[PDB]
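Here is the structure we will look at, set down as structure tokens.
All Cβ positions, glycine included, derive from the backbone under ideal geometry; neighbour counts span all protein chains shown. Rule-based calculations on the coordinates, nothing more; no lab input.
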Amino acid sequence: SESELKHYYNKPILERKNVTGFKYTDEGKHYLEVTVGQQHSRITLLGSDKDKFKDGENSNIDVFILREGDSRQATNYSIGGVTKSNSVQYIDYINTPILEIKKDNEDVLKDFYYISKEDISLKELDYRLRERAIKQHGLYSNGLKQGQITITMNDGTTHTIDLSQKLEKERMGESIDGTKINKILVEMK
């Protein structure tokens, strides 16, 4: 549903880099606990992120946190969005790829997307692209609600995301090489 999708993709984000978190298991499930200031978060690990970080204390991780429900308890319960921090710390490289956005198969923008992160999560790319389609092009308003983001890598590999649904939760912890994104296409209809 249209209004629910806009709700979800207008939730605020807690985004921090070079943090430390604690990875544990508890009743067949896998979690990462993280505290940034007096702000407290528990991130469920569902996909391949389960095996990508070893249980126990994890340093040099970046975090992209979104609170799944509407309950107003202080602790954040999020899914995925954990990646390895940049392995070059002393310079911040930012690379452009091409960014193209389409409504009803005509371009409405042809420009650039900027990427600072070596290891970047589909949770983050999904959220931020939808944020842009929503705020500047009126996804998900009247009722523009379908589909296709396509991220094309340097080797021709692609990742595609349906706009008519939230990103699949098992994909929110998947990550790609942000230094090697050649193009991002967002088609709306």
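Please give me the summed charge of the neighbours of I13: other residues whose Cβ is under 11 Å from its Cβ, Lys and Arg +1, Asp and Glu -1. For residues surrounding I13, the net value is +2. Each label was represented as a point 7 Å from its Cα along the Cα-to-Cβ direction; for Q165 and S1 these points are 1.8 nm apart. If the Kirkwood radius is taken over C-alpha pairs of segment 11-85, then at 20 °C and 1.002 mPa s the Stokes-Einstein diffusion coefficient equals 173 µm²/s. Each peptide among 104-115, 178-189 gets the average number of other Cβ atoms lying within 10 Å of its residues, and from highest to lowest they stand as 178-189, 104-115.
Rounded to the nearest 5, what % of DSSP beta bridges with both residues in the chain are antiparallel? Antiparallel bridges: around 80 percent, rounded to the nearest 5. Relative to one another, the C-alpha centroids of segment 1-53 and segment 159-189 are positioned 18 Å apart. Here the chain is treated as a sphere whose radius is the Kirkwood value from Cα pairs; by Stokes-Einstein at 10 °C and 1.306 mPa s it diffuses with a coefficient of 92 µm²/s. With the highest mean first, a sort of the peptides 68-74, 141-147, 121-127, 57-63 on other beta-carbon atoms found within 10 angstrom per residue produces 121-127, 57-63, 141-147, 68-74.
Taking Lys and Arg as +1 and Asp and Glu as -1, the other residues whose beta-carbon sits under 14 Å from that of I101 total +2. Fully extending the segment from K29 to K189 would add 53.8 nm, taking 0.36 nm per residue of separation and subtracting the current Cα-Cα distance.
Quick one: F53, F64, fewest Cβ neighbours within 10 Å first, how do they rank?
Listing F53, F64 from fewest to most nearby Cβ atoms yields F53, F64.
What the phi angles of segment 64-79 give under the Karplus curve with 6.51, -1.76 and 1.60, with θ = phi - 60°, is a coupling list of 10, 10, 9, 7, 4, x, 8, 5, 10, 4, 6, 6, 8, 10, 10, 10 Hz, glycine and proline written as x. Computed from the Cβ-Cβ distance with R0 of 35 Å, the FRET efficiency linking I91 to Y8 stands at 0.50. Given the pairs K169/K189; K110/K169; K50/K145; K84/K110; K54/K145; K11/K145, which span a C-alpha to C-alpha distance of over 27 angstrom in this model? Those over the limit are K110/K169; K50/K145; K84/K110; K54/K145.
Computed per residue of the chain from DSSP H runs no shorter than four, each worth -39500 (n - 2.57), the mean residue ellipticity at 222 nm is -4000 deg cm²/dmol.
Counting only Cβ charges, +1 for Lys and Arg and -1 for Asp and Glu, the dipole size of segment 1-51 around its Cα centre is about 200 debye.
Rounded to 0.05, the FRET efficiency of the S141 and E57 pair, given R0 = 25 Å and the Cβ-Cβ distance, is 0.05.
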